[PDB]
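Some notes on the structure that comes next.
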Amino acid sequence: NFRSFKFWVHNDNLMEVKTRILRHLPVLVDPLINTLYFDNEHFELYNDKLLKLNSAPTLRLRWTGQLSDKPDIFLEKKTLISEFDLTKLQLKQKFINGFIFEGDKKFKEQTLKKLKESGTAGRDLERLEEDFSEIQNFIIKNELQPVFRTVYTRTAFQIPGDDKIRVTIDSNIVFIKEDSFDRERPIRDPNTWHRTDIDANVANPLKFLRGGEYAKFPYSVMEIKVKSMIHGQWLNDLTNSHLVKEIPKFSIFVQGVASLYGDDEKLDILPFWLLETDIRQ
Numbered sequence: 202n203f204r205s206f207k208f209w210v211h212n213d214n215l216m217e218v219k220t221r222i223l224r225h226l227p228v229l230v275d276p277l278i279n280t281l282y283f284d285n286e287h288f289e290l291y292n293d294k295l296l297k298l299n300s301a302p303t304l305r306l307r308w309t310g311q312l313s314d315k316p317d318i319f320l321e322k323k324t325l326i334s335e336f337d338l339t340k341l342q343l344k345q346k347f348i349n350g351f352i353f354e355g356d357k358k359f360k361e362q363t364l365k366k367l368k369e370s371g372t373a374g375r376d377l378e379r380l381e382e383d384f385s386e387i388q389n390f391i392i393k394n395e396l397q398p399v400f401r402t403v404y405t406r407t408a409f410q411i412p413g414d415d416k417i418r419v420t421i422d423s424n425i426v427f428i429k430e431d432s433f434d435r436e437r438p439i440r441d442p443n444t445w446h447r448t449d450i451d452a453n454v455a456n457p458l459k460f461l462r463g464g465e466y467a468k469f470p471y472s473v474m475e476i477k478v479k490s491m492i501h502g503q504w505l506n507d508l509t510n511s512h513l514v515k516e517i518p519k520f521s522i523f524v525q526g527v528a529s530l531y532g533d534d535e536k537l538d539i540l541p542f543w544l547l548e549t550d551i552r553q
């Protein structure tokens, strides 16, 4: 309450797993989700998240669909305190560079000003202000920058107004480098919050992606957030089944860093989840 459990699901079992969940939870009803994770060039956040030091926050920009359609963009900081705490800010696209590269305070200022004018309670205005400051200071203090993106499609299962259980399955998971590490020819321009090729509004925006710039993850990732390892019993039948493979402490952030940069001599440590196994057997 609330506990998170993560599983890998083989493509061969994906449809059966979905049909089983659907018997107990309605499904929300194609667009890619983009999650663009931050770290510094020493991979400190990755190191902490894997060793489990310093509350091990992760930080990402998240938006759905094609950046062209002007989606909402979230900047989200997640920290495990038995319970994950999430600080989530909605950022207007054109302020992102200033906010993450230049310590700009003006988007916060304008936002609070508007909300205050329209009648948001003081206690709320103040909480929002703390959220802005905590995320920006986190970025500045630790020299965080956008490093890599995960892209995937999500199927989400959830009974309205019911907290007990909630289930997501993410498929088509791909990791893509988006760092400004190289002083010449950085993948992402150092003053631009995202690499601009893959977000271009064109037929194939992945045209210029190089092999060493992406990695595919082979399984779907199912997360069950509950109020198996650490009404309720379809859950047991499912998760004690050959159909899902529970993976204690799985982190998509850690996996993406390892998959992309492990062969590039940036990392001292790698996760060992125990992907040589056939997860079906």
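Mapped onto the authors' numbering, the consecutive letters of the sequence shown carry residue numbers 202 to 230, 275 to 326, 334 to 479, 490 to 492, 501 to 544, 547 to 553.
Cβ coordinates follow ideal geometry from the N, Cα and C atoms, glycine included.
Limits of the unbroken alpha helix (DSSP H) element including residue i
| i | result |
| --- | --- |
| residue 373 | Unbroken run through residue 373: none, as it is neither H nor E. |
| residue 525 | 522-531 |
| residue 503 | 503-509 |
| residue 298 | Unbroken run through residue 298: none, as it is neither H nor E. |
| residue 279 | Element bounds for residue 279: not the alpha helix (DSSP H) but the beta strand (DSSP E), 278-284. |
| residue 348 | 348-353 |
Beta-carbon contacts of residue i that lie in its chain and below 8 Å, excluding the five residues immediately before and after
| i | result |
| --- | --- |
| residue 326 | 300 |
| residue 539 | 292, 295, 296 |
| residue 504 | 221, 224, 225 |
| residue 552 | 211, 213, 214, 512 |
Residue i in three-state terms, based on DSSP
| i | result |
| --- | --- |
| residue 230 | coil |
| residue 342 | strand |
| residue 218 | helix |
| residue 469 | coil |
| residue 534 | helix |
| residue 384 | helix |
| residue 389 | helix |
| residue 402 | strand |
| residue 204 | strand |
| residue 362 | helix |
| residue 475 | strand |
| residue 293 | helix |
| residue 540 | coil |
| residue 434 | coil |
| residue 441 | coil |
| residue 307 | strand |
Spatial neighbours of residue i in its chain, beta-carbon cut-off 7 Å, leaving aside the 5 residues before and after
| i | result |
| --- | --- |
| residue 399 | 282, 283, 284, 430, 431 |
| residue 536 | 288 |
Neighbourhood of residue i by C-beta distance below 6 Å, restricted to the same chain and skipping five residues each side
| i | result |
| --- | --- |
| residue 356 | 350 |
| residue 202 | 479 |
| residue 476 | 206, 419 |
| residue 403 | 277, 279, 426 |
| residue 496 | Along the chain, the last residue before the gap is 492 and the first after it is 501, so residue 496 carries no coordinates. |
Range covered by the beta strand (DSSP E) that runs through residue i
| i | result |
| --- | --- |
| residue 425 | 417-429 |
| residue 324 | 319-325 |
Q) Would you call the segment 458-478 and the segment 207-219 touching, i.e. three or more CB-CB distances under 8 Å? A) yes
Q: Say whether the segment 397-414 touches the segment 512-531, bearing in mind that this needs 3 or more beta-carbon pairs closer than 8 Å, one atom from each stretch.
A: yes
(Q) Can you confirm whether the segment 339-348 touches the segment 303-319 when touching is taken to mean that 3 or more C-beta pairs between the two stretches lie within less than 8 Å? (A) yes
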